[PDB]
Structure formats: C-alpha cells, structure tokens
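For reference, input_12.cif is printed below; it contains mmCIF, C-alpha atoms.
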```cif
data_input
#
loop_
_atom_site.group_PDB
_atom_site.id
_atom_site.type_symbol
_atom_site.label_atom_id
_atom_site.label_comp_id
_atom_site.auth_asym_id
_atom_site.auth_seq_id
_atom_site.Cartn_x
_atom_site.Cartn_y
_atom_site.Cartn_z
ATOM 1 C CA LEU R 396 12.302 25.860 12.940
ATOM 2 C CA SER R 397 12.305 25.399 9.161
ATOM 3 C CA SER R 398 10.645 23.085 6.643
ATOM 4 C CA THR R 399 13.793 20.929 6.626
ATOM 5 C CA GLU R 400 14.232 20.880 10.414
ATOM 6 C CA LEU R 401 10.544 20.372 11.131
ATOM 7 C CA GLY R 402 10.418 17.501 8.615
ATOM 8 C CA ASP R 403 13.443 15.823 10.255
ATOM 9 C CA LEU R 404 11.946 16.385 13.736
ATOM 10 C CA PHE R 405 8.640 14.839 12.829
ATOM 11 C CA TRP R 406 10.182 11.877 11.002
ATOM 12 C CA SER R 407 12.780 11.367 13.742
ATOM 13 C CA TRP R 408 9.958 11.384 16.337
ATOM 14 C CA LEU R 409 7.745 8.941 14.378
ATOM 15 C CA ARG R 410 10.508 6.579 13.371
ATOM 16 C CA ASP R 411 12.371 6.403 16.682
ATOM 17 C CA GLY R 412 9.050 6.327 18.529
ATOM 18 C CA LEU R 413 7.806 3.266 16.633
ATOM 19 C CA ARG R 414 11.246 1.638 16.952
ATOM 20 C CA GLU R 415 11.269 2.090 20.746
ATOM 21 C CA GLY R 416 7.628 1.056 21.107
ATOM 22 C CA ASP R 417 6.914 4.572 22.386
ATOM 23 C CA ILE R 418 4.019 5.470 20.008
ATOM 24 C CA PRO R 419 0.834 3.291 20.279
ATOM 25 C CA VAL R 420 0.304 1.018 17.274
ATOM 26 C CA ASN R 421 -2.302 -1.642 16.322
ATOM 27 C CA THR R 422 -4.924 -0.681 18.845
ATOM 28 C CA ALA R 423 -8.559 0.354 18.413
ATOM 29 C CA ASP R 424 -7.447 3.873 19.398
ATOM 30 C CA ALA R 425 -4.017 4.112 17.712
ATOM 31 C CA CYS R 426 -3.157 6.367 14.765
ATOM 32 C CA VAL R 427 -0.504 3.936 13.556
ATOM 33 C CA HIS R 428 -1.313 0.502 12.163
ATOM 34 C CA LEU R 429 0.879 -2.147 10.548
ATOM 35 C CA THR R 430 -0.557 -3.794 7.428
ATOM 36 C CA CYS R 431 0.753 -6.153 4.740
ATOM 37 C CA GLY R 432 4.249 -4.671 4.417
ATOM 38 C CA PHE R 433 3.339 -1.113 5.330
ATOM 39 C CA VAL R 434 2.864 1.237 8.225
ATOM 40 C CA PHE R 435 -0.384 3.174 7.926
ATOM 41 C CA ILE R 436 -0.370 6.547 9.641
ATOM 42 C CA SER R 437 -3.665 8.282 9.827
ATOM 43 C CA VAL R 438 -4.048 12.015 9.176
ATOM 44 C CA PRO R 439 -4.591 14.397 10.785
ATOM 45 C CA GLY R 440 -4.284 12.102 13.884
ATOM 46 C CA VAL R 441 -0.546 11.358 13.608
ATOM 47 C CA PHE R 442 0.358 15.054 13.246
ATOM 48 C CA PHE R 443 -1.865 16.082 16.150
ATOM 49 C CA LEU R 444 -0.099 13.421 18.223
ATOM 50 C CA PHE R 445 3.335 14.865 17.219
ATOM 51 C CA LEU R 446 2.104 18.332 18.039
ATOM 52 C CA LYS R 447 0.963 17.139 21.456
ATOM 53 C CA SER R 448 4.526 16.184 22.436
ATOM 54 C CA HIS R 449 6.247 19.065 20.614
ATOM 55 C CA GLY R 461 -2.076 25.300 10.417
ATOM 56 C CA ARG R 462 0.727 24.060 12.616
ATOM 57 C CA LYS R 463 -0.585 20.754 11.244
ATOM 58 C CA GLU R 464 -0.332 22.114 7.713
ATOM 59 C CA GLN R 465 3.398 23.016 8.320
ATOM 60 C CA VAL R 466 4.466 19.621 9.672
ATOM 61 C CA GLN R 467 2.543 17.729 6.965
ATOM 62 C CA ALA R 468 4.073 19.823 4.188
ATOM 63 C CA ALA R 469 7.498 19.398 5.778
ATOM 64 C CA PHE R 470 6.929 15.657 6.131
ATOM 65 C CA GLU R 471 5.835 15.148 2.504
ATOM 66 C CA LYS R 472 8.903 16.939 1.160
ATOM 67 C CA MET R 473 11.007 14.083 2.502
ATOM 68 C CA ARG R 474 9.375 11.448 0.359
ATOM 69 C CA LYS R 475 9.274 8.564 2.853
ATOM 70 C CA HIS R 476 5.612 7.796 2.174
ATOM 71 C CA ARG R 477 4.437 5.432 -0.526
ATOM 72 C CA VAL R 478 3.232 7.141 -3.697
ATOM 73 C CA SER R 479 1.666 4.688 -6.041
ATOM 74 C CA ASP R 480 1.004 6.068 -9.537
ATOM 75 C CA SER R 481 0.266 9.554 -8.070
ATOM 76 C CA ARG R 482 -1.819 8.361 -5.111
ATOM 77 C CA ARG R 483 -0.430 9.405 -1.707
ATOM 78 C CA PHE R 484 -3.479 8.769 0.491
ATOM 79 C CA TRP R 485 -5.220 5.478 1.220
ATOM 80 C CA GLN R 486 -8.579 4.973 2.909
ATOM 81 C CA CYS R 487 -8.964 2.431 5.651
ATOM 82 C CA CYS R 488 -11.760 1.197 7.834
ATOM 83 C CA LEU R 489 -10.858 1.060 11.497
ATOM 84 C CA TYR R 490 -12.977 -1.504 13.356
ATOM 85 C CA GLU R 491 -13.541 -1.836 17.127
ATOM 86 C CA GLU R 492 -13.642 -5.675 16.951
ATOM 87 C CA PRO R 493 -10.740 -7.774 15.698
ATOM 88 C CA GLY R 494 -11.407 -9.571 12.419
ATOM 89 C CA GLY R 495 -12.921 -6.522 10.776
ATOM 90 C CA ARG R 496 -16.467 -6.226 12.053
ATOM 91 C CA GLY R 497 -18.941 -4.065 13.944
ATOM 92 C CA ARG R 498 -18.655 -0.305 14.329
ATOM 93 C CA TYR R 499 -15.922 1.232 12.299
ATOM 94 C CA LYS R 500 -14.453 4.593 11.518
ATOM 95 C CA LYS R 501 -13.234 5.532 8.101
ATOM 96 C CA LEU R 502 -9.751 6.996 8.031
ATOM 97 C CA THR R 503 -7.238 8.249 5.455
ATOM 98 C CA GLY R 504 -3.473 8.617 5.642
ATOM 99 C CA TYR R 505 -0.077 7.580 4.415
ATOM 100 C CA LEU R 506 1.476 4.213 3.790
ATOM 101 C CA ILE R 507 5.147 3.878 4.679
ATOM 102 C CA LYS R 508 7.268 0.843 3.777
ATOM 103 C CA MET R 509 8.033 -1.150 6.936
ATOM 104 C CA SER R 510 11.775 -1.049 6.353
ATOM 105 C CA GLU R 511 11.876 2.767 6.426
ATOM 106 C CA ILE R 512 10.855 2.430 10.113
ATOM 107 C CA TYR R 513 11.718 -1.071 11.276
ATOM 108 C CA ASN R 515 15.831 -4.085 11.648
ATOM 109 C CA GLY R 516 13.648 -6.892 10.323
ATOM 110 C CA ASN R 517 12.101 -6.565 13.751
ATOM 111 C CA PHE R 518 8.458 -5.517 14.109
ATOM 112 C CA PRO R 519 4.989 -6.007 15.681
ATOM 113 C CA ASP R 520 2.347 -8.166 14.040
ATOM 114 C CA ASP R 521 -0.194 -6.583 11.656
ATOM 115 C CA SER R 522 -3.176 -4.637 13.029
ATOM 116 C CA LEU R 523 -6.256 -6.657 13.978
ATOM 117 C CA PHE R 524 -8.478 -3.596 13.524
ATOM 118 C CA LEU R 525 -7.537 -1.829 10.275
ATOM 119 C CA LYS R 526 -8.596 -2.822 6.777
ATOM 120 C CA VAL R 527 -7.010 -0.913 3.858
ATOM 121 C CA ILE R 528 -9.246 -0.314 0.862
#
```

I need this file expressed as structure tokens, please.
Amino acid sequence: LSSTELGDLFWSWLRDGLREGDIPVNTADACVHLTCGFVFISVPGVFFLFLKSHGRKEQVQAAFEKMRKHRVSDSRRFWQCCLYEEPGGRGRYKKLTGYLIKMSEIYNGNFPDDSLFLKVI
C-alpha cells in the first residue's frame, strides 16, 4: 500500500464502519465517542482497532492526517478528554487524547446520541 491508499483504507473503514454501526461507539470501552457536533476518536486506540481488522500505527496516522478530515482549530489537532465508567461524568476515569471529526463527515443527518461517558476538555 501507499500513503494515499492507506489513508483511504483507514478513512473508508472508520466512516463506513460508524455508518453501518459496525465499530463500537459511546461505550465505557469504545474508542469512538460522539460529542456536541463531533466524533472523538481516541489515539492510539482507533488505529490499533483498524490494524486489528487489517510503526504500522505511525504509517496509518500519518496517512490519515494527510487527508485533513479532522478538526484543526487554530493549530490544535488533538483534544484531551476524560473517559468515565459511570454515566454523567463521575467516578474512575481515564484520560485520553485524539481527534475531533465533524459529524457530517461521517454521518445523512442520521446518528447516535452523544456519549454518556466522555467529557472533552
């Protein structure tokens, strides 16, 4: 494969997987979480999950970023989030970082509710 092909493969997998409800979302254990107009994808988790169905992580991530689907807000490409075990943002949490992607790059106007577990900082 090549940076272009690998990019397209990863984005095709993520996008069509979320669209077909084939990639877990919005769960205490998911790498993908919907939030306030955006899809949060945690890294490296979302690339490891790609890899599992298809260093290597470095390649896919570089190829993905070259496509410019992710939100970049005044130079910032990564957001931190707290992932809680309990809905309503409490108890044990894990701190995560990853990309925000505008809902409409993935989803008709036809999507799941927001995550009960993830809080974006």

Excluding same-chain residues fewer than 6 positions from residue 492 of chain R, what lies within 10 Å of it counting only C-alpha atoms, as a PyMOL selection string?
chain R and resi 423+498-499+523-525

Please write the residues picked by the PyMOL selection byres ((chain R and resi 403) around 12) on this file as a PyMOL selection string.
chain R and resi 396-402+404-411+466-475

Find the distance between atom CA of residue 518 of chain R and atom CA of residue 434 of chain R and write it in Å to one decimal.
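Between these atoms lies a distance of 10.6 Å.
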
Selected by the PyMOL selection byres ((chain R and resi 431) around 12) in the shown coordinates: which residues, as a list in words?
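Expected selection for the PyMOL selection byres ((chain R and resi 431) around 12) here is residues 428, 429, 430, 432, 433, 434, 435, 506, 507, 508, 509, 519, 520, 521, 522, 523, 525, 526 and 527 of chain R.
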
May I ask which of the residues R:441, R:427, R:420, R:502 is the closest one to residue 484 of chain R, counting all atoms listed in the file?
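That would be R:502, the residue with the smallest distance to residue 484 of chain R.
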
Within 6 Å of segment 436-440 of chain R, counting all atoms listed in the file, which residues show up once you throw out same-chain ones fewer than 4 positions away? Write them as a PDB file with C-alpha atoms, in the frame of the given file, please.
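The result, stored in selection00.pdb:
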```
ATOM      1  CA  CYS R 426      -3.157   6.367  14.765  1.00  0.00           C
ATOM      2  CA  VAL R 427      -0.504   3.936  13.556  1.00  0.00           C
ATOM      3  CA  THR R 503      -7.238   8.249   5.455  1.00  0.00           C
ATOM      4  CA  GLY R 504      -3.473   8.617   5.642  1.00  0.00           C
ATOM      5  CA  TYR R 505      -0.077   7.580   4.415  1.00  0.00           C
TER       6      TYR R 505
END
```

Please, what distance in Å, to one decimal, runs between atom CA of residue 422 of chain R and atom CA of residue 448 of chain R?
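Calculated distance between atom CA of residue 422 of chain R and atom CA of residue 448 of chain R is 19.7 Å.
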
Using atom CA of residue 501 of chain R and atom CA of residue 449 of chain R as the two end points, give the distance in Å to one decimal.
26.8 Å

Which residue out of R:412, R:516, R:477, R:485 has the minimum interatomic distance to residue 444 of chain R when all atoms listed in the file are used?
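Distance minimum relative to residue 444 of chain R lands on R:412.
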